[PDB]
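Going by our numbering, the sequence shown opens with residue 6, and the numbers climb by one from there. What follows is a short report on a single structure.
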Amino acid sequence: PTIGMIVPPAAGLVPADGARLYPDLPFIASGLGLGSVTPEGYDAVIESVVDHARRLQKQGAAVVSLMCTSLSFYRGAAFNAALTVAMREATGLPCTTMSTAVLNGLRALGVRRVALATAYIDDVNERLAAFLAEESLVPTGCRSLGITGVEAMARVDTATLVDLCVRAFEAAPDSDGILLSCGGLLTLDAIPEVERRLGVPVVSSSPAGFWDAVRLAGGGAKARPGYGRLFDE
């Protein structure tokens, strides 16, 4: 079953982080050309998201995921829902979003006290914490990479992301689990290393997006093994 993904950039490229989980599966992307991942224009955003969902339906997608965490959480639960309802009505397909994916992953692992490890700015981390509070999770703290530009993003490796999660956890030792939400960075290998070092499960947002969209498409394909408890499943 073909999985459709709506993405932030104009070019319409399948996200790199998570694709490794499903090497045999067909993924098609359609680019919003947003200029932001946290845009102004409540109606305009819904409108472009609808337009792009319809483009994906015409290309044979069996489901559509809005594959951007920030865009789906920055205006809280009411907006994540509005996005989902608008896509499904315009397409007749089951639709979902990366923020729903994250919720779904955290629930599957039993997490309700969640430490945040992100690459976002303060205001954005605050909106994330607010979204998760609305969904009956307790955000217990946050540590962020605090980097910008391709150069610095390029310089991130697995170790950087593992250390990030350990930091976030040390700071919030009461946490049930960790949400790694590091848009644009490669996180898969970090997941089971963090779970080993800490004994607490990790959800990574982009990989959760792939997993959740693959679940929704209901084909039964399993993620490649070795990428943490959620995906070992």
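From the three backbone atoms N, C-alpha and C, an ideal C-beta is built for every residue, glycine too.
Problem set entry | Proximity below 8 Å, CB of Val69 to CB of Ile11 | For this step, residue 69 is matched to residue 64 along the sequence shown. For this step, residue 11 is matched to residue 6 along the sequence shown. Against a cut-off of 8 Å, the Cβ pair of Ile11 and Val69 comes out as a contact.
For this session: Kindly list the residues whose CB is nearer than 7 Å to the CB of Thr74, restricted to its own chain and excluding five residues on each side of it in sequence; keep chain order.
Result: By one-based count along the sequence shown, residue 74 stands at place 69. Non-local C-beta neighbours of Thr74 in its own chain, meaning closer than 7 Å and more than five positions away in sequence, comprise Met103, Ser104, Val107, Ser186, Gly188 and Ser210, ordered along the chain.
Exercise. Any idea what DSSP makes of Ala34, helix, strand or coil?
Worked result: The count along the sequence shown starts at 1 and reaches residue 34 at position 29. Residue state, collapsed to three classes: strand.
Exercise. Cβ of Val167 within 8 Å of Cβ of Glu198?
Worked result: Within the sequence shown, residue 167 is the residue found at index 162, counting from 1. Within the sequence shown, residue 198 is the residue found at index 193, counting from 1. In this structure, the beta-carbon distance from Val167 to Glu198 falls below 8 Å.
Exercise. Is it the case that the Cβ atoms of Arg172 and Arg148 are separated by a distance below 8 Å?
Worked result: One-based indexing of the sequence shown puts residue 172 at position 167. One-based indexing of the sequence shown puts residue 148 at position 143. Yes. Within cutoff.
Exercise. From the DSSP output, which residues share a beta bridge with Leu71?
Worked result: Your numbering for residue 71 matches position 66 in the sequence shown. According to the DSSP secondary-structure assignment, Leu71 is paired through a beta bridge with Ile11 and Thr102.
For this session: Just the C-alpha distance for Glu139 and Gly151, rounded to the nearest angstrom, thanks.
Result: The count along the sequence shown starts at 1 and reaches residue 139 at position 134. The count along the sequence shown starts at 1 and reaches residue 151 at position 146. Between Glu139 and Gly151, the C-alpha separation is close to 25 Å.
Exercise. For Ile196 versus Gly233, is the C-beta spacing smaller than 8 Å?
Worked result: In the sequence shown, residue 196 corresponds to position 191, counting from 1. In the sequence shown, residue 233 corresponds to position 228, counting from 1. Yes, Cβ-Cβ distance for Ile196 and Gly233 is below 8 Å.
Exercise. Do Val208 and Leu76 have their C-beta atoms within less than 8 Å of each other?
Worked result: Taking the sequence shown and counting its residues from 1, one reaches residue 208 at position 203. Taking the sequence shown and counting its residues from 1, one reaches residue 76 at position 71. For the pair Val208 and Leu76, the CB atoms are not nearer than the 8 Å cut-off.
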